[PDB]
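Spelled out from the first residue to the last, the chains are:
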Amino acid sequence: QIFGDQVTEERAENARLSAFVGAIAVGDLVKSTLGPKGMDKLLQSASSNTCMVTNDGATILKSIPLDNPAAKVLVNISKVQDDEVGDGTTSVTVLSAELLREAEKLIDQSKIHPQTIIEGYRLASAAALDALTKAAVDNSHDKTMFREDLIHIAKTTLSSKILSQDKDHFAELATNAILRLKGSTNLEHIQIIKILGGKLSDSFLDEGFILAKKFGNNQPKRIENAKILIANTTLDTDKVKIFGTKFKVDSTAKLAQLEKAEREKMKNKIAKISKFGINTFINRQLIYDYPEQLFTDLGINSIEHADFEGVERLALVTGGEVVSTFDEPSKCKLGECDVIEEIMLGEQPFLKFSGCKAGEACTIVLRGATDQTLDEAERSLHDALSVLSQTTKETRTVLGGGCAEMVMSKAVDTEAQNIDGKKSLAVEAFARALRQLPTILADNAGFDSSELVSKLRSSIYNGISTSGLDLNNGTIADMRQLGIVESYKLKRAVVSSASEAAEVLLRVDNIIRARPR
Amino acid sequence: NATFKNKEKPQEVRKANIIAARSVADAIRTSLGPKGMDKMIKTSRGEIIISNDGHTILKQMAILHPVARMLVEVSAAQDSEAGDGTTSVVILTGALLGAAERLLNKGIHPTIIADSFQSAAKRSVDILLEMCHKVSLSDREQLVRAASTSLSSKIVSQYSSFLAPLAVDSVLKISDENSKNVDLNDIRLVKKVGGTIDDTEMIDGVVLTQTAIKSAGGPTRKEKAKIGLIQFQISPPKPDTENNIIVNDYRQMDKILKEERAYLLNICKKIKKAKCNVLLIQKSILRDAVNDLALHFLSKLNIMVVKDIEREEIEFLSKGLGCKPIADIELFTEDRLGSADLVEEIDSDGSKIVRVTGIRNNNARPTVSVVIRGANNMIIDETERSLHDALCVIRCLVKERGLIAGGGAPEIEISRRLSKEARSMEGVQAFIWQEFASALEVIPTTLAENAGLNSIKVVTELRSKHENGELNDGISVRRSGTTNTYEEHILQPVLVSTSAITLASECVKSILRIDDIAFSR
Amino acid sequence: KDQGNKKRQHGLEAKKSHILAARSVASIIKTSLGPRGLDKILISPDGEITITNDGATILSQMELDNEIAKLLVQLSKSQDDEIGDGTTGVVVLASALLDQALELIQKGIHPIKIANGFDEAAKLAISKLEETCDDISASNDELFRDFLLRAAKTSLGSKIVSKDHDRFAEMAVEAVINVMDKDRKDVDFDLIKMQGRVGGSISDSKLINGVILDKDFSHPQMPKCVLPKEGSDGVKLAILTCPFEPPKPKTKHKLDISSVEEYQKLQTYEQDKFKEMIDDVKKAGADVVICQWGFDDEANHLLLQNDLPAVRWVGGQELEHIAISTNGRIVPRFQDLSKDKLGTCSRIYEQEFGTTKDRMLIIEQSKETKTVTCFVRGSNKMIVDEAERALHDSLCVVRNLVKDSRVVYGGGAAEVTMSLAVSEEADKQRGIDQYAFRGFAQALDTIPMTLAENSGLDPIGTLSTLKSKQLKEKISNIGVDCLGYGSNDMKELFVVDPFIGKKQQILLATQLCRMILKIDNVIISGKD
């Protein structure tokens, strides 16, 4: 009797059924309740007079006691989706059940490795998110008025904050820190520089990626046509703690000979650096003068102590990679920038890059009179940038009514075209669950889903990518003419949660029952 | 061809709930009409009740079936909104469930079935309003005759001539014009043994449920006084710990007496500061209301006291009088006190009812409190319920004006219009319009069965004469045949038939929405 | 006593039952073996909820009545302190030896011969593996820094750490080196403290060179930072093994108050003792006072006026790590304090972590200490425990890399090279032990076949392919592909396993396989 105290392990045959059929039975509770035309469920207790009827997916799943240990996993997935947004919990559980329903066919009559099935979804979901981006529309129209509406909202976010001293200058910095990105609005694309000895109104916006530390001793302060390499290694005194070692040598000069041999091993790595044809090198650790002197003859400037976030933000602006090792010469993702200029602000030397390759980003340099003005401004600035970024990601919608679900199917079928051997059925199974979403929505409407979904697939396959399902008239019409749209953030949340839920469940060859609390 | 797979089998859950709910409607079906069959229910405690009331049977039936319990809520809204027809709405609900069984056998999804009933219910209301007899609240002739004929089924008969205008004049004051639905809970019927039926008083201000102080010193009457609600209690000192009166000395009798009278005087003094001469204390069985020592203090201050005020009237007195409930003596203020012209105890045999006039409040509106008197206890009881039905029928005219002759006339008129309209529809819905009108014929069919008349024969004679007359053809129990229901003084408001169709359409709609039954604790 | 419900086994019976008992638990962990395995949900009886595939955590939570599988828990408990990451490797290897032992029993070989058969076969495989082994420090010094980072990356690739792994890879290398000496090569898990709390993210995790103690500096008005005070010696802290209170005799313990007179005097005497005990801290020059027991309200009043922060309720074990890291002494009494017995650190400050209300303290040191506290942050409690044990697994891998500079190439290539060498030498060794040596080579083939099944490859086809690449072409290390890559030859990927780590696995697997064969009888008493 393994485990014990209500803990047990399911049989490999029953665990696959408990993770699939057992999870579908939980998804079947919210299956018929999906959509505005969905049905209702009954929740009855032992007293039987306390019961209630509701269509809420979060209420039905949490109220019903689940003895299936695999069903408790879907409860945790529902909590992750509820944290993102309070709507769409029903659609995630139903879509996850459709992925597991085809997964039973991806094992029995298929014989495909389960991790490859997940990797088959990771490649299919990537094409699904890309298809939603191409078909994405927005209510941002009349952007000329929308760009003006952002600077007024930024002023409202500055209330109660010490930045309220000047609203016009600070709201312009926050507004230009978003619209000028033309891409991801995450704070990783915005660098904050906190300095002393000035006024808050003297702050300015610079897209040149200003970083505090300098590079080189006798090296020049200007670099033209820079080639940036990103790597992490210790070129100066490795094994940071040498205390306790015993070096057996006949004389002290032989102890330094091993250090010279270590310096000879430095040329092995330095030679691989010169094979890349770079005038600039990035390192998180320090570098001793001898390997740095060899960089002077090769014309390589070394920026040191970039930490990690500073390295990742440098790879995004210059289009580089964070890899710390050299697998093979002339194979890598390299960045570059037009001009590297060293400036001085606040009695400290700074570095201002210029002309980064495909660079889209900004660096907000906050100049305060003390540490209290710098710390409270950065926390309040990110709150103002979060409100401005909320209007960019939200109110941006996509065509609904079965459209977006079928449009993703066409992109996944395109991914199912060029694919390796074992993932051909795994990618195709993902497109089947995408077509089951409008199928179930047509189930509760009272119409024929097999007729509407089949005609919807053949319609979008050749031309007419904007068509969708009309539940009112029971036919196929243009979604742009009917004005049926659904949020893009809701689509990304359901697809991401379905991939995370399938990542844990498909790897299951056995189920460990949780301990009751 | 290729259609949806239908892997799940939700129909076995819905069909089991429809058949189980249809047996409940068929059981109540025999209770329709005054000649209907009475149903008996024996409670687990051993009590046996007998009555034809649909709302009473479904309440004491202790139905374990969840869908059949919804008929209790539908009958509750039937009595709350319309006030009559709790049996007819259950039959109409079961008639739609019985017709839905043939709809599910044809392979029709319940969404189209539910959406067709809602579309048929909205159009059935317009059919009645166009064929209805238009009446207004400005005409008091039809309001008295409608309430007089509704009381012919009650103990009061000859005295109902004076009872009808009392209910009419009470509604005309609270109805205003555009107020639409007016809460009947603002009308409080106070029943008390003694007197007679012919003795009634409108008393627009308010009426209490209790008597006045019967001890020594009770004023029982006060003029130009203020009224307020007090949740506090006038008592000698009573700390939260255990207290007892132990007097071992001759001098302690005067010490404790003066100590209790001093604490009672401080309570009576704070009441005099706000000049409140009428005190209403919430009824509590824990301690007393006012001590006998404090009764002599308030008698000198000329402050009337009415105690044992029920908790149900606390919310009512805070509305009609415009006052506010006051928990403690510190919360007692003059701003929460109303100004009454005269507060007196009316002397009657075995009654002694206290009334109040001239609430003198702008925020308060014309609430109604009517006194009911009678010698027998069975009189003042049924009289209160009989006036409720008289107020509901008149209130139905306030929300939606017009009245429809009963006896199956509105059920046949809708079926005749939907029969020709069903040919104008297309698709699956066209078959539902014929099944919806077929379920409407269950109500007039039951009226003929419970009356002993031939089921089919009476229904055919009404539809045969329906080509000449319109709304004047119906079932008459008094004549035991087919005749004019308008000349027999049988009248029904339009809101009853409107709510009966609306609630039954939403009920059956919500019935088909449950495809599964799961245990959740 | 307890005659009824007594189980008894014999030779002709238990020998078959002992093999079936091991195959049941073995097949459970074969699904979680490798980076492509399964992460299992586990809840400890103490209330900790976590999800991990680590065999040492999974097998420790297993409670079962099979006596053969209990020996798997006993070996994993001793291996968890030595390595802890080889739990899944040894049990499957030990079960492979038992599966081959059952075949030798059917051939008429005694179980004691199989014990000596696998013993001589294991010692032979060690010499063959050492000849094909490669060294790091004697080869390239800069790759030694790259090997330590990418070896932890292999264990951190199956966790959410994989995004931020670059920082935790350096934190795992420094934490091991600080608590060890290069010549001694001794690393104790008790020297590295693993802690974590809710809030923040994993990118904000800091490596601390000293204790933590989870203190807010008692009264909030006390300063949150401690300065060196104009070039003093380190930062002096007081360690007291006695609580802060007026001293009482052990003979009486009773205090009699006759009236307000003796009441006001005794109240001042207790305050006078508070002034005498704080002066001993001032005379010794201790900035912060660390005691095992709580302090009174008047205690924080006098300590605040002199700018002397307080520390309350420190365990007895935590007091030992403070004096070792700060080079202090344990002072039993109050008056025995002095500048030589006070712990000297680099600085003391209170660093607020995210929105967490704990507001702990950080005591660091510039010089190398013997105590290192690894603190991990995360947005969820399950994320903290996941990144904590993932970082602890990196500490164990680096521990064996610095313990032996020579390493072997993993990914299944180590078991194939050890199998082909013993199988060739099995024919040269005659006698009954010839089959014991052939069965040992076939038992080593279970590891690459198990990894091949979990990777989606033919276990027989891939194993036979690797044997041809290491024979007809040239002798090298080419293993099965655990993680997605373009082709074979993990040696090109620089995937290494410690030689002392792999040798420790085959010794414990052989030592346990012999012990299982040394038990032919199982006696289990009932419940009275």
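The record names cryo-EM as the way this model was obtained, at a resolution of 4.7 Å.

Non-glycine residue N225 of chain A carries a positive phi angle of around 55°. Assignment of secondary structure puts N225 of chain A in strand 5 (residues 222-230). The backbone of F494 of chain C sits at a positive phi, close to 60°, despite the residue not being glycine. Examined against the element boundaries, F494 of chain C turns out to sit in the loop between helix 16 (490-493) and strand 16 (496-498). Judged by its relative accessible area of 35%, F494 of chain C is partly exposed.

Each side of the interface is counted separately: chain C has 49 residues, and chain A has 40 residues. Taking both sides of the interface into account, the surface hidden between chain C and chain A amounts to around 4200 Å²; carbon and sulfur atoms contribute 50%. A per-residue breakdown of the area chain C buries against chain A is headed by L38, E142 and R145 of chain C, which together make up 15% of the total. Between the two partners, chain C and chain A, sit five salt bridges. One salt bridge connects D141 of chain C with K265 of chain A, and the closest N-O pair in it is separated by 3.0 Å. Across the chain C-chain A interface, the total number found is 14 residue pairs in polar contact.

Once that is clear, we can look at the pairing of strand 10 (residues 353-357) of chain B. All names here are of chain B. Pairing geometry for strand 4 (residues 206-207) and strand 10, over two bridges, is antiparallel. For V207, the partnering residue across the bridge sits in strand 10 and is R355. As paired elements, strand 9 (residues 338-346) and strand 10 share five bridges and run antiparallel to each other. Each residue of the ladder has a partner; that of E344, found in strand 10, is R355. Counting the residues that bridge the hairpin from strand 9 to strand 10 gives six residues, and of these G350 lies at a positive phi of roughly 55°.

To continue, consider the packing of helix 5 (residues 114-134) of chain A against helix 16 (residues 488-506) of chain A. All names here are of chain A. Relative to each other, helix 5 and helix 16 sit at 175°, their axes nearing to 10 Å. Judged on the interaxial angle alone, helix 16 and helix 5 are roughly antiparallel. Between helix 5 and helix 16, the residues in contact are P114, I117, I118, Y121, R122, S125, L129, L132 and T133 and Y488, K491, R492, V495, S499, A502, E503 and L506, respectively.

Right, let's get into the packing of helix 6 (residues 143-157) of chain A against helix 7 (residues 167-179) of chain A. All names here are of chain A. Two elements in contact, helix 6 and helix 7, have axes separated by 8 Å at closest approach and are oriented at 125°. The orientation of helix 6 relative to helix 7 falls into the category oblique. For the element pair helix 6 and helix 7, the recorded crossing hand is right-handed. Taking contact as the criterion, the partners of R147, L150, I151, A154 and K155 in helix 6 are, on helix 7, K167, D168, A171, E172, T175 and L179. Grouping the amino acids of the contact of helix 6 with helix 7 by side-chain chemistry returns five nonpolar, one polar and five charged.

Counted by the stated rule, this structure contains 78 salt bridges over all chains. The shortest N-O distance in the salt bridge between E449 of chain B and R29 of chain B comes to 2.9 Å. In this pair, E449 of chain B sits in helix 14 (residues 442-450) while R29 of chain B sits in helix 1 (residues 11-29), placing the two residues 420 residues apart along the sequence. Taking relative accessible area as the criterion, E449 of chain B reaches 37% and is therefore assigned partly exposed. Connected through shared salt-bridge partners, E98, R101, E102, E428 and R432 of chain A make up one network.

Counting residues in each nonpolar core, the largest one holds 71 residues, and the members touching the most others are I64, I117, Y121, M408, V412, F430 and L506 of chain A. Among the elements that take part in this core, helix 13 (residues 424-445) of chain A stands out by supplying nine residues, more than any other. With residues up to four places along the chain from it excluded, the contact list for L506 of chain A reads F20, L100, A103, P114, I117, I118 and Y121 of chain A. Ranked by size, the runner-up nonpolar core spans 60 residues in total, among them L33, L72, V408 and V422 of chain C.

Moving on, we come to the interface of chain B and chain A. Across the contact, 20 residues belong to chain B and 31 residues belong to chain A. Overall, the association of chain B and chain A removes approximately 2300 Å² of surface from exposure, summing both partners, and the carbon and sulfur fraction of that is 51%. Ranking the residues of chain B by area buried against chain A places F4, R513 and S520 of chain B at the top, with a combined share of 27%. Put simply, chain B and chain A have two salt bridges between them. One salt bridge connects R513 of chain B with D40 of chain A, and the closest N-O pair in it is separated by 2.6 Å. Run the count over chain B and chain A and you get 14 residue pairs in polar contact. When contributions to the side of chain B that touches chain A are tallied by element, the ones reaching two or more residues are helix 3 (66-82), helix 5 (110-131) and strand 16 (514-519) of chain B. The element contributing the most residues to the side of chain B that touches chain A is strand 16 of chain B, with six residues. Of the residues contributing to the side of chain B that touches chain A, the split by class is nine nonpolar, four polar and seven charged. As paired strands, strand 1 (residues 40-44) of chain A and strand 16 of chain B are joined by four bridges and run parallel to one another.

Turning to the domain arrangement of chain B, a few remarks are in order. All names here are of chain B. When the domains of chain B are assigned, the result is domain 1 (1-135 + 402-521), domain 2 (136-204 + 366-401) and domain 3 (205-365). In this structure, domain 1 and domain 2 have C-alpha centres spaced 29 Å apart. Roughly 1400 Å² is buried in total at the junction of domain 1 and domain 2, and carbon and sulfur atoms are behind 58% of that figure. Run the count over domain 1 and domain 2 and you get two salt bridges. Of all the secondary-structure elements, those providing two or more residues to the side of domain 1 that touches domain 2 are helix 3 and helix 16 (494-512). Residues that form the side of domain 1 that touches domain 2 fall into these classes: nine nonpolar, four polar and two charged.

Attention shifts here to the packing of aromatic side chains. This model, assessed by the stated rule, comprises nine aromatic pairs over all chains. A ring pair is formed by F118 of chain C and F440 of chain C, whose centres lie 6.3 Å apart and whose planes are at 45°; its orientation type is tilted. Of this pair, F118 of chain C sits in helix 5 (residues 111-131) while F440 of chain C sits in helix 13 (residues 433-444), and the two are 322 residues apart along the sequence. With a relative accessible area of 3%, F440 of chain C lands in the buried category. Here a set of aromatic residues connected by ring pairs shows up, and it is made of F244, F274 and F295 of chain C. Seen from the ring of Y290 of chain A, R263 of chain A lies directly overhead, with NZ or CZ sitting 5.5 Å from the centre. Positioned above the aromatic ring of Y435 of chain C, the side-chain terminus of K107 of chain C is 5.0 Å from the ring centre.

Reading the values: rules and limits
- Residues numbered from 1 in each chain as written, not as in the entry; some residues may be left out.
- Chains lettered and ligands numbered in written order.
- Part of a larger assembly, values for the part shown.
- Heavy atoms only, no water.
- Helix = DSSP H or I, 4+ residues; strand = E, 2+ residues; numbered from the N terminus.
- Buried < 20%, exposed > 50% of the residue type's maximum accessible area, 1.4 Å probe, protein only.
- Contact = heavy atoms within 4.5 Å.
- Buried area = accessible area lost by both parts, 1.4 Å probe.
- Salt bridge = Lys/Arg side-chain N within 4 Å of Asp/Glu carboxyl O.
- Polar contact = N/O pair within 3.5 Å; in protein donor to acceptor, adjacent residues only side chain to side chain.
- Pairing = 2+ DSSP bridges.
- Axes fitted to C-alpha atoms, helices over the stretch in contact; angles between N-to-C directions.
- Parallel < 35°, antiparallel > 145°, perpendicular 65-115°, else oblique.
- Left-handed = near helix turned anticlockwise from the far one by under 90°.
- Nonpolar A, V, L, I, M, F, W, Y, C, P; charged D, E, K, R; others polar.
- Core = buried A, V, L, I, M, F, W, Y, C linked by side-chain atoms within 4.5 Å.
- Domains from an automatic or database assignment.
- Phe/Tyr/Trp six-rings, centres within 6.5 Å; stacked < 30°, edge-to-face > 60°.
- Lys NZ or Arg CZ within 6 Å of the ring centre and 35° of its normal.

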